[PDB]
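Okay, so here's the structure we're looking at.
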Ligand SMILES: O=P(O)(O)O[C@H]1O[C@H](CF)[C@@H](O)[C@H](O)[C@H]1O
Ligand SMILES: [Mg+2]
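Numbering (the entry's author numbering), first residue to last: 1 to 448.
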C-alpha cells in the first residue's frame, strides 16, 4: 500500500526490493520539486551500495535542473554542515546507519539543513515517487565535486582553545566507518596521541557493523583504553553523528551524563544560554545547566523536534541521552566530532579525569538506561503501569509519552517513532536501591 522505506525521519530499506537505483533517481526528481531555489549537496557513507545510490539521486536531481554539489565520502554531519555553509537549497546523505548489510538509506534536509521528515516533506516525496511512472529525463544541470573539508575542519576546531589543550592519549574507534578520516585530518592541529582501533573504512565491516552500543563492540574500545593507559576513548557509529565515551577505566559513560557535561562546557563560553534537553532523563541536566548559569528547555525527543526548538529559543546547545548532540553554530545540527573535542578540552583545562567529571553526577542521579519492551498491546501495558502508581499521585507530564515524577524518583515511558516499541527510562535522587526496585516493578507490569 505504501513504500516501506519511507519512515518518520528518513528513508531506510533492504536493497534492492525496498530501495534501489530507480527509487533513488525518483527520489531525486521528487526532492527537486519540494525544495526552494538552489543547488543540492550530496554525500555518502562507506556502505558498498552507497555511491551508486548517490549517483542515481544526482541523476534525478540534474534531470530536474538542480545543480549538485558532490562532497563525496563523508559523515552525515558534513552534509548538514555543507548544506548550510554553501547556502544550498537542500542536501541528502546516503547512509545505512547500522541496519544490516543488505540495507541502505537516505537522510534529507532542506535549507540551513532543516530536517525533512514524514510530515514535513518526506511523505510528500514518498507519494510523488509512488505515482511517478514518467520516463527518466536527461540532465539539464551540472555536478561539481567539492571534497575540500577546510571550512568544516576549521569549524570543528573553533570550539576549543588549542593553546589550552594537553597531549592526552585518546583511543579512537571508527568501527571501520568513516570517522577515522576526520580524526586524521584534525590530528595535525591537535596535541593528542591517538590510539587508532578499527580505523580504516571498510564497507564489508570485517569487525561488525559499527554500533558501540553492542557489548562486543563496546569491549574493543574499553580494552584499548585499559591496555594503553589512554585518558579516555571514543567510538562512533558508521556515519559518525553519534559518539560514545569510555573513561580511563574503560567504563562506558551513559549518554545521559554527557548532556549535562557538554552543557556546562558550552555555557563556560556562552554565558546564560538556553540548553535544550529531552524528557526521558532530566534531573541531572536541569541542575547542571542551572548551576552553570544556563536555562534548561524541555523538548520532545527526536532530532527534528530538538532542532526546531533550538532554533525558536536561540539555544546554544541541545542534548539527547541517546548520543545526539546539537550545536547552534553548527547550523543547529548534530555532530559526532564537536563533543569529543569539547570533552578533551574540559579534561585538559580542569586536570580532572573524564571519570571524575561524571562520577558525582552518576551517584547523584542514577538511571536505568533506556529499556525497550516489545509487548502485545502497548496501550494496555502503559495503562497497567499508570493504574498501579495512581494511588501515589505522581506529577504527570505528556510532552513525550508519559513522564511521572514521584518526588525521589521519576520515569518516562514512550512509544518509539522509529520502531513499534515501548521505551522506559527511570532515575532517582541518589538512591540506587529505589532505582532497581522501581525499574523491576515497572518492567513486570509492562511484561504482564
Ligand atoms: O526513540 P525513537 O525511536 O523515537 O528516536 C530515536 O531516533 C531519533 C533520531 F535519530 C533520536 O533523535 C532519538 O533521540 C532516538 O531515541
Ligand atoms: Mg548515525
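Beta carbons are placed, not taken as given, at the ideal position from N, Cα and C, and that holds for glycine.
Between residue 137 and the set 418, 22 and 2, the nearest pair of CA atoms involves 22. Between residue 240 and residue 302, the C-beta spacing is not below 8 Å. Relative to the non-hydrogen atoms of ligand 1, the Cβ of residue 322 comes within a distance shorter than 7 Å of at least one. If the five residues before and after residue 105 are omitted, its C-beta is found closer than 8 Å to the C-beta atoms of 5, 10, 11, 12, 13, 19, 94, 95, 96, 97 and 99, all from its own chain and listed in chain order. If you look at residue 326, you'll find it in the beta strand (DSSP E) that goes 324-327.
Just so you know, the alpha carbons of residue 373 and residue 225 end up roughly 33 Å apart.
Nearest C-alpha to residue 128 among 63, 210, 27 and 197: 27.
Beta-bridge analysis with DSSP links residue 171 to 195 and 233. Apart from the 5 residues on each side of it in sequence, residue 262 sits with its Cβ closer than 8 Å to the Cβ of 317, 319, 325, 339, 342 and 343 in its chain, given in chain order.
DSSP places residue 20 outside both helix and strand once states are collapsed to three, so it counts as coil. Here residue 397 is near residue 279, since their CB atoms are less than 8 Å apart. In this structure, 183 is the residue among 183, 112 and 206 with its C-alpha nearest to the C-alpha of residue 195.
Residue environment for residue 89: buried (at least 16 other C-beta atoms within 10 angstroms of its C-beta). Cβ contact annotation for residue 371 (same chain, cutoff 6 Å, sequence separation greater than five): 424, in chain order. In the three-state scheme derived from DSSP, where H, G and I count as helix and E and B as strand, residue 330 is classed as helix. With a cutoff of 7 Å, residue 325 does not count as near ligand 1, since its C-beta is closer than that to no heavy atom of the ligand. The shortest CA-to-CA distance from residue 25 to any of 2, 38, 59 and 50 is the one to 59. Following the DSSP letters along the chain, one finds residue 215 inside the alpha helix (DSSP H) bounded by residues 215-228. Checking the 7 Å criterion, the Cβ of residue 97 is within range of a heavy atom belonging to ligand 2. In the DSSP assignment, residue 51 falls within the alpha helix (DSSP H) that extends over 50-63. Fewer than three pairs of CB atoms, one per stretch, sit closer than 8 Å, so the segment 166-180 makes no contact with the segment 101-116. Taking the Cα positions, residue 198 is about 43 Å away from residue 385. In the structure shown, residue 1 falls within a coil segment according to DSSP collapsed to helix, strand and coil. Within the chosen limit of 7 Å, ligand 2 does not reach the beta carbon of residue 418 with any heavy atom. At the C-beta level, residue 358 and residue 422 stay beyond 8 Å of one another. Excluding the 5 residues flanking it on each side, residue 8 has same chain C-beta neighbours closer than 7 Å at 117, 118, 417 and 418, in chain order. One alpha carbon belongs to residue 66, the other to residue 142, and they sit about 8 Å apart.
Here DSSP, grouped into helix, strand and coil, assigns residue 109 to strand. Contact annotation, residue 220 with residue 173: C-beta distance approximately 6 Å; criterion of less than 8 Å satisfied. Excluding residues up to 5 positions away in sequence, 341, 342, 344 and 345 lie with their Cβ nearer than 8 Å to the Cβ of residue 160 in the same chain.
Taking residue 440 as reference, the option from 368, 364 and 53 with the minimal CA-CA separation is 368. For residue 83, same chain residues with a beta-carbon under 7 Å away, outside a window of 5 residues either side, are 41, 90, 91, 109 and 113 in chain order. If you check the C-beta of residue 311 against ligand 1, you find no heavy atom less than 7 Å away.
With a threshold of 7 Å, the Cβ atom of residue 103 does not count as near ligand 1, since no heavy atom of the ligand is closer than that. Residue 145 counts as exposed, since fewer than 16 other beta carbons sit within 10 angstroms of its beta carbon.
The criterion of a C-beta distance shorter than 8 Å is not satisfied by residue 38 and residue 79.
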